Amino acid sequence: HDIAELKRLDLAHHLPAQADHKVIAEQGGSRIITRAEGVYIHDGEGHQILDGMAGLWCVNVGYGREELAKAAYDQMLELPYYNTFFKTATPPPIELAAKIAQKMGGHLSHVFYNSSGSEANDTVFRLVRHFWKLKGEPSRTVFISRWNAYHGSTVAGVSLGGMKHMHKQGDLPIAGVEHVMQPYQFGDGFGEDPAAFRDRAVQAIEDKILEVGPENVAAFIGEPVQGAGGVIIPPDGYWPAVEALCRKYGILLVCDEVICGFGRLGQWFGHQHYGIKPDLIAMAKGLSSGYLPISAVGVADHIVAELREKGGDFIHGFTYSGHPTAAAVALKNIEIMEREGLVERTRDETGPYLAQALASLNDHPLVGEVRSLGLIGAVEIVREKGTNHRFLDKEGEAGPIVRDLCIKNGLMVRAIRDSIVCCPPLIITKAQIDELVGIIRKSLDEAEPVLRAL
């Protein structure tokens, strides 16, 4: 690869996702990632980086899976594409659907296919509203979400998410979406009794239901653990109370499993860790370990019952809904996870090991809190031990400085506000977990003098 030429062509012709394009121009083009293997990625200048983010929270089986390349090749020779529009389907999405249903359990019996996690929440959005029309309760239209939730980058996904700066671009949210407090103990409930803070966060949802009018509410939606919001792990009992809330008012419960699904929290799906039974789930990312674009909505049997008994078109779906090659890769991806026990390994070994490894950072002068569940975790940067006080009293200054030193030191982790987050491939070894934590500590040590000087 002519790296300099790729960088020139990058600026001349490519608009990267969720980027400041002035910043991209000022660095001479995107940093070029050329190769990858295991848990390591390699850039155009030969730098090896431990990918603590598994691509984009998604490469769960790790890089270098010739088995997945082969599954793609074989399906593309036999039948690279056909639609599911013309009362037709193809073998891969049907077999994948049965496999996903087995992993979903509960009353989640069917799947509707898309390509991205964002589209999945568009499908959630339209199917839920159509479901309530079929049920003869057309007033149930309003979705209740949370501030700092992330539910994608479509107009609907942005609206369902609670990122205020993202809302602004496109003049969102669209109508019929309400947002309430997130259960972020460290930031918003520091020093509160966990049980009391949890009750506050659930009560906020009930207050909105009553404000909107329960007969007007269609569903509550939330990530089991908030991902893009900064690995926000809810207090114990939160999710059971939210489930009980939804049943109290007869509204649907929707869990966005796009990050938490497929082994991330030590379960096939995040909601299974919490023992709740959502009516719909959105899934993507780890579904195929990012090897090909595919997404799905898991749909409860009683919603399918309305579609099947009332009939009528559900006028919703995408050209690449059920893409046979993408489905074939996702099926083989799940089989690898099964064969290698990656879900249970995360629950029983790498997860606990990451927790203990991150806990060794607790004594650092910059660290206010570490938290993790399975192979997702977060390190809080504070200017004062024993508080949640942030440098310059302006969240988002310290984070990027520590992040950039991590990347400099050979570790890809993200800074969300002043939180260092990690989400490595499920195949990460204990030694590599120790390497990850060691680089963070090294970077925190280097960050300490610059942060004190702000």
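Numbering starts at 1 and follows the sequence shown.
For the segment pair 383-391 and 41-49, the entry gives 41-49 the higher mean B-factor, averaged over Cα atoms.
Per-stretch averaging of Cα B factors for 113-121 and 70-78 places 70-78 on top. Within the listed group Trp147, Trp132, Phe318, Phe197, the record reports its top CA B-factor for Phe197. Of all the options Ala359, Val128, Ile100, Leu160, the entry's greatest CA B-factor is assigned to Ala359. Among the modelled residues of its chain, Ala355 has a C-alpha B-factor that falls in the highest third according to the deposited record.
The PDB entry assigns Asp171 a C-alpha temperature factor belonging to the lowest third of its chain's modelled residues.
Among the modelled residues of the chain, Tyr249 sits in the middle third by CA temperature factor in this PDB entry. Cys58 sits in the lowest third of its chain by CA B factor, as recorded in the PDB entry. Among all modelled residues in its chain, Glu95 ranks in the highest third by Cα B-factor.
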